[PDB]
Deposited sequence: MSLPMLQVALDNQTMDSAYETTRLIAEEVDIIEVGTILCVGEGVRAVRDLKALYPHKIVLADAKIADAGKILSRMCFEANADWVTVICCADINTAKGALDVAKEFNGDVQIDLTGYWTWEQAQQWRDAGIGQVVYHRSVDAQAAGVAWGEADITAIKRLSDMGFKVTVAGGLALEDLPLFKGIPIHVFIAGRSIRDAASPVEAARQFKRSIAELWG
């Protein structure tokens, strides 16, 4: 089944823990959001993995350059996965992937903002097996067909695809039949009246649909 990832887009650890203390056991992947990477630094990764060592911890660092150095900082802090931003020089992505393999982790290319299909082919040739597809800034409404198409295309290229960007529970059926690797929910879990029910509804719907 598609896994469920909670995005901790919080500025401080104590703010993140308001969420993890409710839903850490209700999700598969705990993301240190970019906000939290910048707010607290790599200690966020270390602390969250120590708390939840049975979960996959993703550092959403959106690495733009210095692939080897930044990825090593994250993996030394016990990250499982890290993100590299889509416009990074291809050697950045390769650098991050080489380090990831030393730690038995993985790299995802984060498809935030402008990227091209030629670049996608480069990442595939480079050995990248994961991408994160985002619904756009302004787009946030309704997951449109151009997204679905792009997602299927990335899937057909051999990427495990993550779906992200204001994801709501009701969006899930649009992706039926596509082997989505992960669905990310940040606000739709963190800011729900009941974060536990929000996470459980996501998991229930995924199980119905796949």
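Unmodelled regions of the deposited chain, listed from N- to C-terminal end, are 1 to 2, 143 to 145, 216.
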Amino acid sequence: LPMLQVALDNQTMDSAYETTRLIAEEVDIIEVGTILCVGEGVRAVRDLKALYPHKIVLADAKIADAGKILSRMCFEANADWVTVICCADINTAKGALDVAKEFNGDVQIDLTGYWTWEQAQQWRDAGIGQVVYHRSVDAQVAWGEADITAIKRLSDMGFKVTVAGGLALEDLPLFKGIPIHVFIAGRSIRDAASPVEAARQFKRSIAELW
From here on, numbers count along this sequence of modelled residues.
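Comparing 66 to 74 with 44 to 52, the stretch with the higher mean C-alpha B-factor in the PDB entry is 66 to 74.
Stretches 81 to 89 and 121 to 129 differ in mean CA B factor, with 121 to 129 having the higher one.
Comparing the C-alpha B-factors of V163, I148, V57, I35 in the entry, the top value falls on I148. Among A61, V27, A168, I184, the highest C-alpha B-factor in the deposited entry belongs to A168. In this PDB entry, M3 carries a Cα temperature factor that places it within the middle third of its chain's modelled residues.
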